[PDB]
Amino acid sequence: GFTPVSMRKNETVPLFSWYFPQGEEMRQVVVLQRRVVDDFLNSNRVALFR
Amino acid sequence: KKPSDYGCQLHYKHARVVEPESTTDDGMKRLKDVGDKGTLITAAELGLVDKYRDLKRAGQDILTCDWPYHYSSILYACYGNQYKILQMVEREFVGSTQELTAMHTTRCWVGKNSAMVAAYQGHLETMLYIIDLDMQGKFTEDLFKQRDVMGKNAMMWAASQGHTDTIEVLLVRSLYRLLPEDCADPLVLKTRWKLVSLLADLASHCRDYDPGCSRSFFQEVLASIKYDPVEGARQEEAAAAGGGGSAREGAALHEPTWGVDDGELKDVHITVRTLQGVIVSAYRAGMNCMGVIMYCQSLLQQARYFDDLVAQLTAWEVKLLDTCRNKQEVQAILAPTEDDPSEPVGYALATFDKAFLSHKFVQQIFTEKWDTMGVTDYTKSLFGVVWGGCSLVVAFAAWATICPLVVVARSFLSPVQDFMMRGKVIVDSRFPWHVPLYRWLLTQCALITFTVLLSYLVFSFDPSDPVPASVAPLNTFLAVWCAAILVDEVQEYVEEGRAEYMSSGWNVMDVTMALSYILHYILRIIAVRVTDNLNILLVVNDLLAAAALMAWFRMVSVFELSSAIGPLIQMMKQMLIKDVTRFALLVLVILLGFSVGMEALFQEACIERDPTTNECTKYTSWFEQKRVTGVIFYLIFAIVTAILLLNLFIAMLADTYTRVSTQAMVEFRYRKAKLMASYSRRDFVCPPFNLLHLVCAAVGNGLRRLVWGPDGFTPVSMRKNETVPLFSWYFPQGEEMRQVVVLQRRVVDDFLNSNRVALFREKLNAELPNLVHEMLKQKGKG
Amino acid sequence: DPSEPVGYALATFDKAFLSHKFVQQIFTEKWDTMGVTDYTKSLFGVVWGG
Ligand SMILES: CCCCCCCCCCCCCCCC(=O)OC[C@@H](COP(=O)(O)O[C@@H]1[C@H](O)[C@H](O)[C@@H](OP(=O)(O)O)[C@H](OP(=O)(O)O)[C@H]1O)OC(=O)CCCCCCCCCCCCCCC
Ligand SMILES: CCCCCCCC(=O)OC[C@H](COP(=O)(O)O[C@@H]1[C@H](O)[C@H](O)[C@@H](OP(=O)(O)O)[C@H](OP(=O)(O)O)[C@H]1O)OC(=O)CCCCCCC
C-alpha cells in the first residue's frame with residue numbers, strides 16, 4: 001500500500017478535517033445541528049405568518 | 001432502487017476508511033503532527049491539562065520557547081484555543097498579577113501576544129477568556145492596544161483574516177469600555193448590563209477545566225454592575241407612562257415590542273438599537289455626543305464586515321449636524337469645555353473624515369476664521385478684481401524689503417517681537433500678518449516667482465560661457481532656495497507627523513523639485529572642470545528637465561480654493577492614487593506581451609547556404625504564400641491588443657465617472673478644510689526666508705539666555721504653534737460655558753428624540769400587521 | 001447522513017452560498033491560517049515575505 005498515487009487532486013481525503021465525526025463528537029454535532037435548524041424553521045414560520 | 005435521487009446528487013462520493021480514534025476538537029486533532037514529547041509547549045498545544053500540571057509540578061518551566069518562532073508555552077495555549085490550561089495557570093501557579101501580565105504579553109518573533117495570537121485565528125472560546133480578564137482587571141497592561149511589528153493589533157488581525165465571530169466580541173468590549181465605570185445612573189447601568197450579558201450569553205458553552213460550579217465566564221463581571229433587570233424593567237414602564245420622566249420624552253430607550261406571534265438572549269448580533277443605547281447613554285454620562293458618533297464609526301471601519309452600521313453612523317453624524325440651525329449651535333456641540341476636553345473637529349481632521357468636513361456648517365467655521373474680511377468675495381465683481389489684483393503686486397513688493405528685515409529684527413529687537421504679537425484676537429486688516437488668507441497669498445506669490453525664475457534660467461542659458469556659468473548669481477540663488485525648501489519639509493515631517501505629511505500630495509513635489517535642482521546644481525559643477533564627459537552631462541540636462549516639470553505641476557496649487565478648478569485638482573489626484581497603480585500593472589503586461597510577440601514574428605531566417613552560412617533572408621524591422629501567413633498573425637495580434645487596451649480604457653472612464661459624479665464637491669471641500677486648518681497653525685514665513693531666521697533663532701534665542709536669562713516671548717524655531725487652540729471659541733471660561741451647555745442640551749436632545757421616533761417608524765412599517773393583530777387578539781383573551 | 005453540501009455547491013457553482021462570511025471563514029482557516037496574505041500591506045511584510 002501507501003503508493004504515491006498517480007493523480008493530483010487527491011480523493012482519499014475529505015476536504016476538511018471537521019468532516020465525518022466518529023464518536024461522542026457525533027452526539028454533540030447532532031445536538032448542535034438541531035438547535036440551529038429548529039431556530040431557523042420557526043423564523044420562517046413567523047415570516048410566513050406575516 | 002437502493003439509491004435515491006437526493007442520494008446520487010448530494011452524498012459524499014468516494015469510499016473512505018474510518019480511523020480508529022480520531023478526534024475533531026481543536027487540540028488533540030493534532031497529536032500525529034505536533035507530537036507528544038512532553039515538554040509543556042506540546043502539552044499546551046495538545047490541551048493535555050494533566051501533562052501540563054505534572055510536567056510543571058515536578059519540572060520544566062512555564063515560558064520556554066521554540067527557536068524560529070519565539071512562541072511561549074502560553075502562546076501555544078491560545079494557538080489552538082486551549083483556555084483550559086490558561087485558566088489552570090491563572091487560578092494556580094501564578095500570583096502577583098504583574099506576573100500574570102508578563103506571562104501573556106511576553107512577545108513573539110513577529111510581535112504577537114496572547115490576545116493577538118488568539119485573534120488572527122477565530123478562537124472565541126479563548127478570546128472570550130482574555131476579554132474576561134480585562135473586565136475583572138487582571139492585566140495591568142491593556143493588552144489590546146499593543147502592536148506587533150507590522151502595525152497590526154488584536155482587532156486588525158481578526159478583521160483582515162475575516163473572523164466575523166471574533167470581531168463582534170472584540171467590538172462589544174470596546175463599546176463597553178466607552179461607558180464610564182462608576183456612574184449612578186439607572187440607564188447607563190442598563191446598557192452596561194445589556195452588553196456584558198451580550199458576551200456572557202455568547203460564551204455560555206465554556207465549562208471550567210474540572211467539575212467546579214460552572215463559573216460560566218462572566219459571573220464576576222455581571223455581579224459588579226448593580227442593576228436589577230426586573231426592577232429597572234418597570235422604572236421605564238412608569239416613566240414612559242404619560243410622556244416621559246427621564247426628561248428625554250419617554251425613558252429614551254423604551255418602545256413597544258407589543259409582542260409578535262408564531263402562528264401557522266436572542267439579540268446576539270450588534271443591532272442599531274445596540275449602538276444608540278451607547279450614544280444616548282454616553283451622552284447621559286457627560287460625554288460629547290458628536291465625539292461618540294465619530295468614535296463608534298472609527299471602531300466599525302476597522303472591523304470591515306459592518307457596512308450597514310457605518311452607513312447608519314455616518315447618517316447620524318450628518319443628521320446631528322443638520323439639527324444644528326445657526327452658527328451658535330454648531331460651535332456649541334463641537335467645542336471642548338473644561339469638563340470634557342474632547343474636540344471632534346481636530347479628530348475628524350486626523351482620521352480624514354470626508355462626510356463631516358464637507359458639510360456646509362463645518363465649511364463655515366473654517367472660512368469665518370480664515371477669511372474674516374470678505375476679500376475672497378471681492379473677486380466676483382467688476383470693480384473688485386481690478387483693485388484686488390493691484391493690492392497683490394504692491395504688497396508683494398512690500399513683502400520684499402520689510403520681510404527680510406523683520407525676520408532679522410525679531411531675533412535681536414524685543415520691541416518688534418511684541419509688535420508682531422498684536423493678533424491672536426478678532427484679527428483684521430490692520431495687521432495682515434495674522435489673518436490666514438494673506439499668509440496663503442504670500443505663499444503662492446513666492447511660488448509663481450519660483451517657476452518664473454526657474455523657467456527663465458532654462459531660456460536665458462547661454463552655452464558659450466566659461467566655468468562661472470556654473471556659479472552664477474541667479475544659478476546659486478535658486479540653489480539656496482531649494483536648499484531651504486528641503487529644511488522646511490523636514491520641519492513639517494517631524495512636527496505634523498507622517499500620516500498627515502503623506503496626505504497632501506504637494507509635499508512630495510516640494511521635495512522632488514528641490515532635490516533634483518540641488519543635484520543639478522552639484523553635478524553641473526563637477527561635469528564642467530573635473531570630469532568633462534557626455535555620460536554624466538546628459539544626466540545634468542535630465543535633472544533640470546525633471547525639476548522644471550515639477551515646478552509647473554506645483555503651480556496648479558493656486559486653483560485649490562477656486563470652485564470649478566478645485567475639483568479638477570482632486571479628480572486628477574485621486575485618479576493617480578486609486579486607479580493608475582492598478583491599470584499600469586496591466587498595461588505593462590499587455591505591452592510586454594505584445595512586444596515579445598512582434599520580435600517573434602519579425603525574426604530573420606537563413607535559407608541560402610549550400611556548404612555553411614552563405615546568406616540569410618531579410619525580414620522587416622524589429623509566390624509561395626510566405627509573407628501572407630505571418631501578416632495574418634500580425635493582424636490578429638494587433639487587433640486583439642488594441643481591443644484589449646480599449647476595454648481597459650472604458651474601465652478607467654467608468655471608474656473616474658463614478659467618483660466625479662458622486663463625490664467631487666466632497667473631495668474639493670475636504671481639501672479646503674484641510675487647507676484652512678494648516679494655515680491656522682502656521683507663521684507667516686515662506687520657504688526662502690525661514691532659513692534666514694533658522695540661523696538667527698539659533699543665535700537670537702541664545703543671547704537672551706547667557707546674560708538676561710528668562711526673557712520670554714523668544715522666537716520659537718518650531719513651526720505649528722502648539723500652545724493656542726484651533727479656534728478661538730474652544731474653551732469658554734464663564735458665562736459662555738453656562739450658555740454653551742444650555743445650547744448643546746437643546747440641540748442634541750432633539751437629535752436623540754428624532755432618532756428614537758425614526759427607528760420606531762421602521763419597526764412599525766415592517767411589523768404593521770402584527771399591531772393590528774394584537775388589537776384583535778384581545779377579543780380572543782379579554 | 002453522508003451528504004456534504006460544500007462539495008455540492010462548488011460543483012453546481014452556487015455563488016450566493018459559496019461567498020458568505022461563514023463559508024469564506026471555513027476555507028480561510030485551511031488555505032491561510034497564518035495570515036501570509038496580509039504581509040503585503042506593510043513595508044516589513046514585503047521585505048521579509050519577499
Ligand atoms: C507615469 C506617471 C504619470 C503621472 C501623470 C501626471 C499628470 C500630472 C497632472 C497634473 C498633476 C495635478 C495633480 C497632482 C497632485 C498630486 O498630489 O500628485 C499626486 C502624487 C501621488 O502621490 P501622493 O503624493 O498624492 O501620496 C499619496 C496621498 O498622500 C494619498 O492621499 C495617500 O493615501 P491616504 O489618503 O490614506 O493618506 C497615499 O498613501 P496610501 O498608500 O495609503 O494610498 C499616498 O501615497 O503623484 C505625484 O506627485 C506625481 C505626479 C506628477 C509627476 C511629476 C514627477 C515626474 C518627474 C519625472 C520627469 C521625467 C524626466 C526624466 C527624463 C529627463
Ligand atoms: C487677485 C486675487 C485677490 C483675492 C484673492 C482671492 C483668493 C481666492 O481664493 O480666489 C481664488 C481665485 C478665485 O476663485 P474663488 O476663490 O473666488 O472661488 C469662489 C470662492 O471660493 C467663494 O467663496 C465660493 O463661494 P462659497 O465659499 O462656497 O460660499 C465660490 O463659489 P460660489 O458659491 O460663488 O459658486 C467660488 O467661485 O481663483 C484663481 O483664479 C486663482 C488666483 C489666485 C491668486 C494667487 C496670487 C496671484
# chains A, B, ... in the order shown; residues from 1 in each chain; ligands from 1

$ residues_around --residues "residue 474 of chain B" --least-positions-apart "2" --cutoff "12 Å" --atoms "only C-alpha atoms" --output "PyMOL selection string"
chain B and resi 450+453-458+460-461+468-472+476-481+521

$ residues_near_ligand --ligand "ligand 1" --cutoff "7 Å" --atoms "only C-alpha atoms and all ligand atoms" --output "PDB file with N, CA and C atoms, in the first residue's frame"
ATOM      1  N   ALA B 499       1.515  60.421   8.776  1.00  0.00           N
ATOM      2  CA  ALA B 499       0.219  60.173   8.153  1.00  0.00           C
ATOM      3  C   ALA B 499      -0.409  61.463   7.652  1.00  0.00           C
ATOM      4  N   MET B 502       2.098  62.617   4.345  1.00  0.00           N
ATOM      5  CA  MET B 502       1.794  61.871   3.128  1.00  0.00           C
ATOM      6  C   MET B 502       0.281  61.768   2.935  1.00  0.00           C
ATOM      7  N   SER B 503      -0.393  62.916   3.051  1.00  0.00           N
ATOM      8  CA  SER B 503      -1.828  63.012   2.818  1.00  0.00           C
ATOM      9  C   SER B 503      -2.192  64.328   2.154  1.00  0.00           C
ATOM     10  N   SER B 504      -1.208  65.027   1.613  1.00  0.00           N
ATOM     11  CA  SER B 504      -1.414  66.289   0.920  1.00  0.00           C
ATOM     12  C   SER B 504      -1.135  66.188  -0.564  1.00  0.00           C
ATOM     13  N   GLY B 505      -0.067  65.500  -0.944  1.00  0.00           N
ATOM     14  CA  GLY B 505       0.266  65.325  -2.331  1.00  0.00           C
ATOM     15  C   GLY B 505       1.159  66.392  -2.916  1.00  0.00           C
ATOM     16  N   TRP B 506       1.273  67.556  -2.276  1.00  0.00           N
ATOM     17  CA  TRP B 506       2.216  68.564  -2.728  1.00  0.00           C
ATOM     18  C   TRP B 506       3.515  68.537  -1.951  1.00  0.00           C
ATOM     19  N   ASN B 507       3.529  67.907  -0.779  1.00  0.00           N
ATOM     20  CA  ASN B 507       4.765  67.784  -0.025  1.00  0.00           C
ATOM     21  C   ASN B 507       5.767  66.872  -0.706  1.00  0.00           C
ATOM     22  N   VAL B 508       5.312  65.993  -1.595  1.00  0.00           N
ATOM     23  CA  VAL B 508       6.231  65.191  -2.388  1.00  0.00           C
ATOM     24  C   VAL B 508       6.888  66.044  -3.466  1.00  0.00           C
ATOM     25  N   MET B 509       6.110  66.884  -4.148  1.00  0.00           N
ATOM     26  CA  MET B 509       6.666  67.711  -5.213  1.00  0.00           C
ATOM     27  C   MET B 509       7.499  68.873  -4.702  1.00  0.00           C
ATOM     28  N   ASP B 542      19.076  66.227 -17.691  1.00  0.00           N
ATOM     29  CA  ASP B 542      17.891  65.428 -17.431  1.00  0.00           C
ATOM     30  C   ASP B 542      17.279  65.752 -16.077  1.00  0.00           C
ATOM     31  N   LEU B 543      18.087  66.194 -15.115  1.00  0.00           N
ATOM     32  CA  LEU B 543      17.538  66.612 -13.830  1.00  0.00           C
ATOM     33  C   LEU B 543      16.844  67.958 -13.939  1.00  0.00           C
ATOM     34  N   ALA B 545      15.365  69.104 -16.547  1.00  0.00           N
ATOM     35  CA  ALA B 545      14.077  68.873 -17.187  1.00  0.00           C
ATOM     36  C   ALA B 545      13.072  68.297 -16.204  1.00  0.00           C
ATOM     37  N   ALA B 546      13.512  67.374 -15.349  1.00  0.00           N
ATOM     38  CA  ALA B 546      12.631  66.835 -14.321  1.00  0.00           C
ATOM     39  C   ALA B 546      12.281  67.881 -13.279  1.00  0.00           C
ATOM     40  N   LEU B 549       9.543  70.364 -14.810  1.00  0.00           N
ATOM     41  CA  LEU B 549       8.166  69.882 -14.810  1.00  0.00           C
ATOM     42  C   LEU B 549       7.519  70.035 -13.448  1.00  0.00           C
ATOM     43  N   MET B 550       8.179  69.559 -12.403  1.00  0.00           N
ATOM     44  CA  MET B 550       7.584  69.588 -11.080  1.00  0.00           C
ATOM     45  C   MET B 550       7.515  70.983 -10.489  1.00  0.00           C
ATOM     46  N   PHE B 553       3.999  71.635 -12.415  1.00  0.00           N
ATOM     47  CA  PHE B 553       2.899  70.877 -11.833  1.00  0.00           C
ATOM     48  C   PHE B 553       2.578  71.348 -10.431  1.00  0.00           C
ATOM     49  N   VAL B 556      -0.362  74.377 -10.230  1.00  0.00           N
ATOM     50  CA  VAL B 556      -1.807  74.216 -10.232  1.00  0.00           C
ATOM     51  C   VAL B 556      -2.363  74.270  -8.824  1.00  0.00           C
ATOM     52  N   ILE B 569      -8.303  69.424  -9.612  1.00  0.00           N
ATOM     53  CA  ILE B 569      -7.087  69.030  -8.937  1.00  0.00           C
ATOM     54  C   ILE B 569      -7.337  67.773  -8.117  1.00  0.00           C
ATOM     55  N   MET B 572      -8.014  64.521 -10.456  1.00  0.00           N
ATOM     56  CA  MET B 572      -6.757  64.107 -11.040  1.00  0.00           C
ATOM     57  C   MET B 572      -5.832  63.521  -9.992  1.00  0.00           C
ATOM     58  N   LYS B 573      -5.945  63.958  -8.743  1.00  0.00           N
ATOM     59  CA  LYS B 573      -5.127  63.372  -7.692  1.00  0.00           C
ATOM     60  C   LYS B 573      -5.606  61.979  -7.335  1.00  0.00           C
ATOM     61  N   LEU B 576      -4.668  59.342  -9.793  1.00  0.00           N
ATOM     62  CA  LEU B 576      -3.305  58.844  -9.665  1.00  0.00           C
ATOM     63  C   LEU B 576      -3.083  58.037  -8.398  1.00  0.00           C
ATOM     64  N   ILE B 577      -3.991  58.102  -7.437  1.00  0.00           N
ATOM     65  CA  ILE B 577      -3.877  57.274  -6.250  1.00  0.00           C
ATOM     66  C   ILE B 577      -4.549  55.944  -6.515  1.00  0.00           C
TER      67      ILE B 577
END

$ residues_near_ligand --ligand "ligand 2" --cutoff "10 Å" --atoms "only C-alpha atoms and all ligand atoms" --output "ChimeraX atom specification"
/B:360,363-364,367,371,374-380,384-393,396,437-438,440-449,555-566,669,672

$ residues_around --residues "segment 161-165 of chain B" --least-positions-apart "6" --cutoff "10 Å" --atoms "only C-alpha atoms" --output "PyMOL selection string"
(chain B and resi 119-124+155+269+303-306) or (chain C and resi 21-22+24-26+28-29+32-38)

$ write_last_selection --atoms "C-alpha atoms" --output "CSV table (one decimal), in the first residue's frame"
chain,number,residue,atom,x,y,z
B,119,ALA,CA,-7.2,36.8,17.4
B,120,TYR,CA,-5.7,36.1,14.0
B,121,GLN,CA,-7.4,32.7,14.3
B,122,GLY,CA,-11.0,32.7,15.2
B,123,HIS,CA,-10.9,31.5,18.8
B,124,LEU,CA,-14.0,32.8,20.5
B,155,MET,CA,-8.6,43.7,16.1
B,269,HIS,CA,-25.6,40.4,17.0
B,303,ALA,CA,-14.0,45.9,11.7
B,304,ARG,CA,-14.5,45.7,7.9
B,305,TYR,CA,-17.6,43.5,7.9
B,306,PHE,CA,-20.0,46.1,9.4
C,21,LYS,CA,-19.0,35.3,5.6
C,22,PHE,CA,-19.1,31.9,7.2
C,24,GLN,CA,-15.2,32.2,3.4
C,25,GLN,CA,-14.1,31.6,7.0
C,26,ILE,CA,-14.0,27.8,6.9
C,28,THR,CA,-9.5,30.6,5.1
C,29,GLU,CA,-8.6,28.6,8.2
C,32,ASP,CA,-4.2,30.5,5.1
C,33,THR,CA,-4.2,30.1,8.8
C,34,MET,CA,-1.2,32.3,9.4
C,35,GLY,CA,-2.1,35.5,7.5
C,36,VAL,CA,0.7,35.5,5.0
C,37,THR,CA,-1.7,37.1,2.6
C,38,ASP,CA,-1.5,40.2,4.7

$ interface_residues --of "chain C" --to "chain B" --cutoff "6 Å" --atoms "only C-alpha atoms" --output "PDB file with N, CA, C and O atoms, in the first residue's frame"
ATOM      1  N   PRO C   2     -24.605  10.932   4.915  1.00  0.00           N
ATOM      2  CA  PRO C   2     -23.253  11.181   4.423  1.00  0.00           C
ATOM      3  C   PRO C   2     -23.169  12.351   3.465  1.00  0.00           C
ATOM      4  O   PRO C   2     -22.236  12.414   2.665  1.00  0.00           O
ATOM      5  N   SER C   3     -24.143  13.252   3.496  1.00  0.00           N
ATOM      6  CA  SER C   3     -24.329  14.251   2.455  1.00  0.00           C
ATOM      7  C   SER C   3     -23.511  15.491   2.736  1.00  0.00           C
ATOM      8  O   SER C   3     -23.754  16.177   3.725  1.00  0.00           O
ATOM      9  N   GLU C   4     -22.586  15.793   1.855  1.00  0.00           N
ATOM     10  CA  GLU C   4     -21.862  17.037   2.010  1.00  0.00           C
ATOM     11  C   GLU C   4     -22.518  18.128   1.186  1.00  0.00           C
ATOM     12  O   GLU C   4     -22.859  17.905   0.020  1.00  0.00           O
TER      13      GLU C   4
END

$ closest_residue --among "C:27, C:46, C:8, C:18" --to "chain A" --atoms "only C-alpha atoms"
C:27

$ atom_distance --atom1 "atom CA of residue 584 of chain B" --atom2 "atom CA of residue 644 of chain B"
13.6 Å

$ select_by_dssp --residues "segment 512-709 of chain B" --states "alpha helix (DSSP H)" --output "VMD selection string"
chain B and resid 512 to 529 534 to 552 566 to 574 580 to 601 626 to 629 631 to 662 665 to 676 687 to 694 697 to 700 703 to 706

$ interface_residues --of "chain B" --to "chain A" --cutoff "7 Å" --atoms "only C-alpha atoms" --output "list in words"
residues 16, 24, 261, 262, 263, 264 and 769 of chain B

$ closest_residue --among "A:8, A:1, A:36, A:16" --to "residue 6 of chain C" --atoms "only C-alpha atoms"
A:16

$ residues_around --residues "residue 219 of chain B" --least-positions-apart "5" --cutoff "12 Å" --atoms "only C-alpha atoms" --output "PyMOL selection string"
chain B and resi 132-133+135-136+196-197+199-201+203-204+213-214+224-225

$ atom_distance --atom1 "atom CA of residue 539 of chain B" --atom2 "atom CA of residue 517 of chain B"
11.8 Å

$ decode --residues "segment 14-37 of chain A" --atoms "N, CA, C and O atoms" --output "PDB file, in the first residue's frame"
ATOM      1  N   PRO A  14     -11.413  13.580   2.702  1.00  0.00           N
ATOM      2  CA  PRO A  14     -12.458  14.587   2.861  1.00  0.00           C
ATOM      3  C   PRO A  14     -11.793  15.944   2.910  1.00  0.00           C
ATOM      4  O   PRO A  14     -10.692  16.040   3.457  1.00  0.00           O
ATOM      5  N   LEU A  15     -12.420  16.968   2.329  1.00  0.00           N
ATOM      6  CA  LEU A  15     -11.798  18.271   2.125  1.00  0.00           C
ATOM      7  C   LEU A  15     -11.371  18.900   3.443  1.00  0.00           C
ATOM      8  O   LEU A  15     -10.233  19.352   3.567  1.00  0.00           O
ATOM      9  N   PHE A  16     -12.245  18.894   4.438  1.00  0.00           N
ATOM     10  CA  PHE A  16     -11.948  19.484   5.730  1.00  0.00           C
ATOM     11  C   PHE A  16     -11.750  18.403   6.778  1.00  0.00           C
ATOM     12  O   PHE A  16     -12.242  17.286   6.644  1.00  0.00           O
ATOM     13  N   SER A  17     -11.024  18.749   7.835  1.00  0.00           N
ATOM     14  CA  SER A  17     -10.789  17.795   8.907  1.00  0.00           C
ATOM     15  C   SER A  17     -11.945  17.709   9.885  1.00  0.00           C
ATOM     16  O   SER A  17     -11.957  16.800  10.716  1.00  0.00           O
ATOM     17  N   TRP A  18     -12.902  18.623   9.825  1.00  0.00           N
ATOM     18  CA  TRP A  18     -14.085  18.535  10.660  1.00  0.00           C
ATOM     19  C   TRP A  18     -15.213  17.748  10.019  1.00  0.00           C
ATOM     20  O   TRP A  18     -16.329  17.764  10.538  1.00  0.00           O
ATOM     21  N   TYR A  19     -14.939  17.006   8.948  1.00  0.00           N
ATOM     22  CA  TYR A  19     -15.898  16.046   8.416  1.00  0.00           C
ATOM     23  C   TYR A  19     -15.895  14.798   9.281  1.00  0.00           C
ATOM     24  O   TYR A  19     -15.311  14.815  10.365  1.00  0.00           O
ATOM     25  N   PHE A  20     -16.420  13.685   8.750  1.00  0.00           N
ATOM     26  CA  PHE A  20     -17.215  12.647   9.402  1.00  0.00           C
ATOM     27  C   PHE A  20     -16.791  12.369  10.840  1.00  0.00           C
ATOM     28  O   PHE A  20     -15.770  11.716  11.076  1.00  0.00           O
ATOM     29  N   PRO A  21     -17.543  12.867  11.820  1.00  0.00           N
ATOM     30  CA  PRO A  21     -17.075  12.855  13.208  1.00  0.00           C
ATOM     31  C   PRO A  21     -17.446  11.624  14.014  1.00  0.00           C
ATOM     32  O   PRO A  21     -18.486  11.633  14.671  1.00  0.00           O
ATOM     33  N   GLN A  22     -16.650  10.562  13.973  1.00  0.00           N
ATOM     34  CA  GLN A  22     -16.967   9.375  14.757  1.00  0.00           C
ATOM     35  C   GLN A  22     -16.843   9.646  16.249  1.00  0.00           C
ATOM     36  O   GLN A  22     -15.974  10.398  16.691  1.00  0.00           O
ATOM     37  N   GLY A  23     -17.732   9.029  17.022  1.00  0.00           N
ATOM     38  CA  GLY A  23     -17.599   9.006  18.464  1.00  0.00           C
ATOM     39  C   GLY A  23     -18.633   9.814  19.211  1.00  0.00           C
ATOM     40  O   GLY A  23     -19.804   9.851  18.829  1.00  0.00           O
ATOM     41  N   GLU A  24     -18.211  10.448  20.296  1.00  0.00           N
ATOM     42  CA  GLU A  24     -19.054  11.370  21.035  1.00  0.00           C
ATOM     43  C   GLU A  24     -18.915  12.798  20.548  1.00  0.00           C
ATOM     44  O   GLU A  24     -19.371  13.718  21.230  1.00  0.00           O
ATOM     45  N   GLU A  25     -18.258  13.012  19.411  1.00  0.00           N
ATOM     46  CA  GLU A  25     -18.430  14.262  18.697  1.00  0.00           C
ATOM     47  C   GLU A  25     -19.595  14.204  17.728  1.00  0.00           C
ATOM     48  O   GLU A  25     -20.075  15.254  17.306  1.00  0.00           O
ATOM     49  N   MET A  26     -20.056  13.009  17.363  1.00  0.00           N
ATOM     50  CA  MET A  26     -21.276  12.917  16.575  1.00  0.00           C
ATOM     51  C   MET A  26     -22.482  13.288  17.412  1.00  0.00           C
ATOM     52  O   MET A  26     -23.413  13.925  16.919  1.00  0.00           O
ATOM     53  N   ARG A  27     -22.475  12.911  18.686  1.00  0.00           N
ATOM     54  CA  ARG A  27     -23.609  13.210  19.543  1.00  0.00           C
ATOM     55  C   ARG A  27     -23.673  14.693  19.868  1.00  0.00           C
ATOM     56  O   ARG A  27     -24.757  15.229  20.100  1.00  0.00           O
ATOM     57  N   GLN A  28     -22.540  15.385  19.832  1.00  0.00           N
ATOM     58  CA  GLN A  28     -22.538  16.814  20.099  1.00  0.00           C
ATOM     59  C   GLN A  28     -22.798  17.646  18.848  1.00  0.00           C
ATOM     60  O   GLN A  28     -23.223  18.795  18.966  1.00  0.00           O
ATOM     61  N   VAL A  29     -22.529  17.118  17.654  1.00  0.00           N
ATOM     62  CA  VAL A  29     -22.922  17.826  16.439  1.00  0.00           C
ATOM     63  C   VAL A  29     -24.432  17.757  16.257  1.00  0.00           C
ATOM     64  O   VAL A  29     -25.091  18.774  16.017  1.00  0.00           O
ATOM     65  N   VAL A  30     -24.997  16.557  16.406  1.00  0.00           N
ATOM     66  CA  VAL A  30     -26.419  16.300  16.202  1.00  0.00           C
ATOM     67  C   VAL A  30     -27.286  17.088  17.180  1.00  0.00           C
ATOM     68  O   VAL A  30     -28.389  17.531  16.832  1.00  0.00           O
ATOM     69  N   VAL A  31     -26.790  17.338  18.388  1.00  0.00           N
ATOM     70  CA  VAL A  31     -27.468  18.276  19.272  1.00  0.00           C
ATOM     71  C   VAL A  31     -27.322  19.696  18.754  1.00  0.00           C
ATOM     72  O   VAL A  31     -28.297  20.450  18.689  1.00  0.00           O
ATOM     73  N   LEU A  32     -26.118  20.068  18.330  1.00  0.00           N
ATOM     74  CA  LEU A  32     -25.859  21.446  17.933  1.00  0.00           C
ATOM     75  C   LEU A  32     -26.466  21.775  16.582  1.00  0.00           C
ATOM     76  O   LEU A  32     -26.783  22.935  16.321  1.00  0.00           O
ATOM     77  N   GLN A  33     -26.643  20.779  15.720  1.00  0.00           N
ATOM     78  CA  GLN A  33     -27.373  20.999  14.480  1.00  0.00           C
ATOM     79  C   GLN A  33     -28.844  21.237  14.745  1.00  0.00           C
ATOM     80  O   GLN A  33     -29.436  22.161  14.185  1.00  0.00           O
ATOM     81  N   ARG A  34     -29.444  20.430  15.617  1.00  0.00           N
ATOM     82  CA  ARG A  34     -30.873  20.519  15.862  1.00  0.00           C
ATOM     83  C   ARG A  34     -31.238  21.797  16.599  1.00  0.00           C
ATOM     84  O   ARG A  34     -32.364  22.269  16.472  1.00  0.00           O
ATOM     85  N   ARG A  35     -30.301  22.390  17.328  1.00  0.00           N
ATOM     86  CA  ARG A  35     -30.506  23.731  17.859  1.00  0.00           C
ATOM     87  C   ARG A  35     -30.568  24.770  16.750  1.00  0.00           C
ATOM     88  O   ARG A  35     -31.397  25.682  16.794  1.00  0.00           O
ATOM     89  N   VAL A  36     -29.701  24.649  15.748  1.00  0.00           N
ATOM     90  CA  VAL A  36     -29.623  25.661  14.703  1.00  0.00           C
ATOM     91  C   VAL A  36     -30.811  25.560  13.765  1.00  0.00           C
ATOM     92  O   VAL A  36     -31.446  26.568  13.450  1.00  0.00           O
ATOM     93  N   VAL A  37     -31.165  24.350  13.347  1.00  0.00           N
ATOM     94  CA  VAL A  37     -32.216  24.186  12.352  1.00  0.00           C
ATOM     95  C   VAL A  37     -33.594  24.424  12.960  1.00  0.00           C
ATOM     96  O   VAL A  37     -34.463  25.011  12.314  1.00  0.00           O
TER      97      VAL A  37
END
